[PDB]
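In what follows, a structure is listed as structure tokens, so that the remarks can point back to it.
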């Protein structure tokens, strides 16, 4: 009500009606408050993320915030004059640059393939002669809340990129970028699997801490889950193609499809799709059911895997049937 | 069009048939053309002619007539050689022509802005009396909705000034008059000018204390001194996979400052809150 | 209810204008206390200041009327005793002119003081004319008397 | 009214700048006041009952004329024709209030004489105000590097101001001491009528 009290150039009908209503309310218009007052605060006090700039008439570098136009860019891209394509192109450029900055730059050795195949060999077997000292150093100087914020921001960026496939002009670039990112994350996941396998075989209680802090590359799983039950068709097709691409990359790297389901990634994907079935939004439920269906009828991880996951799958699908309100459309229940 | 009621006034505005309107416009065009070729001997009639021209351009919505008047004015400004129409008096008509900005028909406005851009890119007229009286037109051009026109105006603006941060801030604070743009958020133009004093070539990256994804080098570090040989031979498909991955990695670390800064200075012109933040 | 008109009259839609401080209570009092748009107080960021210009004004006038001063000397054109006389002259002139003008203005039924009264006083009492700020005939009795005298003379 | 005529007359007299509206207004009021205030019968041949049949301005002007370009010369020649009453009889009569102070419709020779006189007044006023302004500037005389896109090339020339015109008017109203020699040695105030300069 207080937002309609604006001077002349604003519609005076609404403003005068609101003033009349408040005047008739009288003493009750300043007595309704029960809580104190909402206030917005930051979760952490450390410095925010930034990069360095260079003014021409100066000798030193200065930090520039790295979060400035992301919200407006996403709003302008995923919410639709003759100048709209121009601004949409600018927004896409900014989003791509920000994603590239968040992933990071790395310099790898010359004989990487040999090391990757050695990792695969150690993973297929259960070799215990791998040193993981660098992954037991405690990192007790940085903020975990800041890391959570960065993770959420990267997930939002990936969701915007996935949505950007419903525009015929932008499809090719974003598709290529997403495929490249998926292959990179498969390569990361293999090494993470090796490290996790080694870690569980040394049950100690030494005073060595956990590993370093990093952005979890599994935000792509949540983005895929949120993209499966989309209004547009190309978005859903791209979401499925990403899963297929990840499986194909794993098969190529391993050499054969026999030992691919020994990674810890697929259990995480199954858990994500199973928890999607318990949320309180119908499109999340539909995405979870569609993800389980994709895992069943388009990848073929094996038979032992399905025999292990059958109980959870049945429980989740039966819950989706149980919990759908009976006055909304029946598509979600039919999918389940 | 506004729907105002008609009042009883002997000189009240009325409406005319289209045929009569066209006949009258043709007569006016002929009269103006015949009168304008004796500009050297008009004498006492010099001022009424310009007054009627100014009134026509200010009020009329007839595209051919306004186009003809604008072409005549451009001819006076550029190709004239003799004694001018009272020297710097055509500037009065050019100033009256600023009303095109609120017409819901950008044809005349675009013609006028093209003429202004021509005036402000001519080496002969630089630091002259003419370029000192077109400040309002130049600023209106810098405020234009048409993206190409606005970018052209801003490019000229940035080309004129110096490239030192202190100098550009001083120019913004006490070097320019913003009285013309007093009804719009004109700090977007100031920010665009300020960002012209930043180096845009060098690559950028987040600080070392920021959070990124897990690097592969950290994951393969344990195998630094393991001089083993994989049991399975390396095949062509794996080689192509790794070559493409290396190409992608190289492309990953190739972000320059422009790739972030330019989109922001373009996007600040459609949202005022982000302009405030910037 | 309340009659929200379909259109507001021109007085209600005005684009407010700067307003002076009226009321007589005073301004700047740091105690426990407004128009839509007050007027900005006057100020000067840096310069000579009024305390110097007001003191140099008399020397400027003397330079103006004296014809011109040669290089290397100025300011000391009147002795200390003559400056006091000139200042007294100025004060007396202002007071006398204002006192006459106000009464003259009130005489003709007005309730405000306008420039016409000041101009009339200055012209008719001091022979001063400031530009840029915007008859009698004998009646019939006099004519008859003159006719009688002329007839007597012949 | 007559603003542009005043501008042209000032330009001819030597004021090449762009005087503000206040100066033109003040000059107009002065000229209007003068106009409102406004052989031969007393020649030696009048001594008898029966008559019988008979039988620095220039130097400055020349320097300026020598110091003008062709376009400047054309502009000067065109502005030299400025007038108050040339083919403006009705407007001039309305502006001068002929009907209210005199019998209406005087002959045209009167109008021509009035135009000549008005041109002379404007010329004199401009010439005196220029000198006063020059002296003031000469006495008075005795931080933004880089550069923008609209600042003037060299500037430096400014028009006259209302105070200069007021000082010139004060100078032009003084009368000769012959009109006051009869009050010597007394304390009588001198009261006169407006002087027609």
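Chains as they are written, first to last, in UniProt numbering: chain A, 905 to 984, 997 to 1252; chain B, 2365 to 2642; chain C, 597 to 629, 635 to 735, 744 to 763; chain D, 133 to 170, 235 to 251, 268 to 354, 379 to 433.
No residue lacks a Cβ here, since even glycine has one placed at the ideal position from N, Cα and C.
Nearest CB-CB separation between residue 2554 of chain B and chain A: not below the 9 Å threshold. Under the 9 Å criterion on CB atoms, residue 283 of chain D is classed as interfacial with respect to chain B. When DSSP states are grouped into helix, strand and coil, residue 2624 of chain B belongs to the helix group.
Looking at the DSSP output, residue 692 of chain C shares a beta bridge with no other residue.
Using beta-carbon distances, residue 2495 of chain B counts as an interface residue toward chain D, with a partner under 9 Å.
Annotation for residue 969 of chain A: the continuous beta strand (DSSP E) segment containing it runs 965 to 969.
Neighbourhood of residue 331 of chain D in chain B, by CB distance below 8 Å: empty, with the nearest CB roughly 17 Å away. The residues 1038, 1110 and 1114, in chain order, have a CB closer than 8 Å to that of residue 1046 of chain A in the same chain once the five nearest residues on each side in sequence are set aside. At least one beta carbon of chain B lies nearer than 9 Å to the beta carbon of residue 385 of chain D. Near chain A, meaning a CB-to-CB distance below 9 Å, no residue of the region 708 to 735 of chain C qualifies.
The beta carbons of residue 1171 of chain A and residue 2596 of chain B sit closer together than 9 Å. For residue 1010 of chain A, same chain residues with a beta-carbon under 7 Å away, outside a window of 5 residues either side, are 973 and 977 in chain order. Under the 9 Å criterion on CB atoms, residue 691 of chain C is classed as non-interfacial with respect to chain A. Apart from sequence neighbours up to five positions away, the residues of its chain that approach residue 925 of chain A with a beta-carbon distance below 8 Å are 905, ordered along the chain.
In this structure residue 1025 of chain A is in contact with residue 2584 of chain B, their Cβ atoms being roughly 7 Å apart against a cut-off of 8 Å. Here residue 395 of chain D carries a coil assignment [DSSP, helix/strand/coil]. Interface with chain C (9 Å Cβ-Cβ cutoff): residue 405 of chain D is included. Apart from sequence neighbours up to five positions away, the residues of its chain that approach residue 2638 of chain B with a beta-carbon distance below 6 Å are 2632, ordered along the chain. Taking 9 Å as the cut-off, the Cβ atoms of residue 2594 of chain B and residue 1036 of chain A count as close.
Rounded to the nearest angstrom, the gap between the Cα atoms of residue 147 of chain D and residue 679 of chain C is 36 Å.
DSSP, read as helix, strand or coil, puts residue 958 of chain A in strand. Residue 723 of chain C has no beta-bridge partner at all, per DSSP.
The alpha helix (DSSP H) runs lying completely inside the region 2463 to 2521 of chain B and spanning 4 residues or more are 2470 to 2484, 2493 to 2496 and 2499 to 2506, given in chain order. Judged by DSSP in its simplified three-state form, residue 662 of chain C adopts helix. Going by beta carbons, residue 415 of chain D and residue 429 of chain D fall outside the 9 Å limit.
Distances from the CA of residue 1104 of chain A to each of A:1133, A:1085 and A:1077 were compared; the closest alpha carbon is that of A:1133. Residue 1155 of chain A has its alpha-carbon roughly 15 Å from the corresponding atom of residue 1089 of chain A.
Those residues of the region 921 to 946 of chain A placed with their C-beta closer than 8 Å to a C-beta in chain C are 921 and 924, ordered along the chain.
Residue 639 of chain C is bridged by DSSP to C:615.
By the CB criterion at 9 Å, residue 2465 of chain B and residue 2433 of chain B fall outside the cutoff. Interface annotation for the region 2498 to 2519 of chain B against chain D: 2498, 2499 and 2502, criterion Cβ-Cβ distance under 9 Å. Distances from the alpha-carbon of residue 410 of chain D to those of D:399, D:431, D:396 and D:391 put D:431 closest. Of all alpha-carbon atoms in D:162, D:167, D:285 and D:236, the one lying nearest the alpha-carbon of residue 325 of chain D is that of D:167. If you ignore the 5 residues before and after residue 292 of chain D, its C-beta comes within less than 8 Å of the C-beta of 144, all in its own chain and listed in chain order. Contact check for residue 1192 of chain A against residue 1207 of chain A passes: the beta carbons are separated by less than 9 Å.
Contact annotation for residue 1018 of chain A against chain B: 2576 [CB-CB distance below 7 Å, chain order].
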